[PDB]
Amino acid sequence: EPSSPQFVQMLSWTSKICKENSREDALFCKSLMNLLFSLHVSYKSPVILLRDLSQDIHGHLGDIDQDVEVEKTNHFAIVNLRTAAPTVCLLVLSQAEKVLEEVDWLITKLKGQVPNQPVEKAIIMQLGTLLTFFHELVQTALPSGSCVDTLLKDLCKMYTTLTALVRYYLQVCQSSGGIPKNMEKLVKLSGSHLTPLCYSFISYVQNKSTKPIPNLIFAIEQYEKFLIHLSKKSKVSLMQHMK
C-alpha cells in the first residue's frame, strides 16, 4: 500500500541500489529505474529525481559547448557512458511527458471552473522544478536517435503547457486584476534561464545533422505572442523581464 512504511523501506532500498551499484547493461538499468519511478510517483512527485538524474546525465555525457567540466556522480550510480545515452533519456523524458500531462489536465479543469490558490502554487512549483530539469538536459549532448526528437516533442508539450497557463492568466486577469508573484518569478525564470538557452539550443539542434523544429519555433513564438497579449491585457509589464 503506498502509505505503508514497507513501501518507504522498498523505495529507500531501490534508491540505495540506484545510488551505489553500476552494472553496465541497458535492460537492467532501464527496468530498475522503471521500478524506482513506479514506486516514487505513487508517493511524491518525481521532479526532484528527474532533476538529479538530468544532473548526472549532464555530468557523464557532457555539454553542447564542450567546455563545461561538470561531474555529479554522487547522485545516482546507474549513469554510464554506455547506459545513459540511448536508454535512460527516453525513460526520464517519458515520465516528464506524464507530469506535463497531469498539469495540462489541472489547467483545463481550472479554465472550466470560471482548490484555486494552492493548486496554481503547486502547478508553478512543478513547472519551476521541471524547468531546472530541462535547463540541465538542454545543455547536454544526446545521440541523434529517438532521444533528440523525443526531447523536441516533450519541449513542444512544455511550451504548450506554458502557453495554456498564460492563456488561463489572460482569461482571469480582467476579473481579479494582477499576476501572483510566484507566476512573475516563473515567467522571469523562463525568460532569463530557459528562453535564451532555448535559442542557443535551437542553433545547436539545427546545426547537428524535419517537423519538430518548426513545431518548437512556432510554440516559442506563440508563447511570446500570448505574453505580448497578457502584458497588454494585465496592466503589468512582463516585457521588462523579456528582451
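Positions of Cβ are generated from backbone atoms using ideal geometry, with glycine treated the same way; all protein chains shown enter the neighbour counts. Throughout, read-outs are computed from the coordinates displayed, never taken from laboratory work.
Among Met33, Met242, the ranking by other beta carbons within 10 Å of each residue's beta carbon, starting with the fewest, stands as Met242, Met33. Beyond a 25 Å Cα-Cα separation, which of these cross-linked pairs lie in this structure: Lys185/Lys225; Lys16/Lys185; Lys16/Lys188; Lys111/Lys211? Result: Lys16/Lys185; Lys16/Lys188; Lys111/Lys211 exceed 25 Å. Summing Cβ point charges (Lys, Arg +1; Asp, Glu -1) relative to the Cα centre of the range 167-234 gives a dipole of roughly 80 debye.
With a simple spin-label model that places each label point 7 Å from the Cα along the Cα-to-Cβ direction, the separation between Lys235 and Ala141 comes to 5.3 nm. Ordering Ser231, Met242, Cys89 by Cα displacement along the dipole of the chain toward the positive end leaves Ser231 in first place; charges were set at the Cβ atoms of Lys, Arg (+1) and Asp, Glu (-1). With R₀ set to 35 Å, the beta-carbon distance separating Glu102 from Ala77 gives a calculated FRET efficiency near 0.75.
Extending each Cα 7 Å along its Cβ direction at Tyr199 and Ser4, get the distance between those two points in nm, one decimal. It is 5.4 nm. Only helices enter this figure: runs of n ≥ 4 DSSP H residues, each worth -39500 (n - 2.57), summed and divided by the residues of the chain, yield -23000 deg cm²/dmol at 222 nm to the nearest 500.
The stretch between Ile48 and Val70 holds 6.0 nm of extra length on full extension. This uses 0.36 nm per residue minus the Cα-Cα distance. Here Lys211 and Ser38 are evaluated by their C-beta separation; at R0 = 51 Å the FRET efficiency comes out at 0.95.
For the chain, the dipole from Cβ point charges (+1 on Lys and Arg, -1 on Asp and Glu) about the Cα centre works out to 960 debye, to the nearest 20. Ranked for footprinting exposure by Cβ neighbours inside 10 Å, fewest first, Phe28, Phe226, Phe134 give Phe28, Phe226, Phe134.
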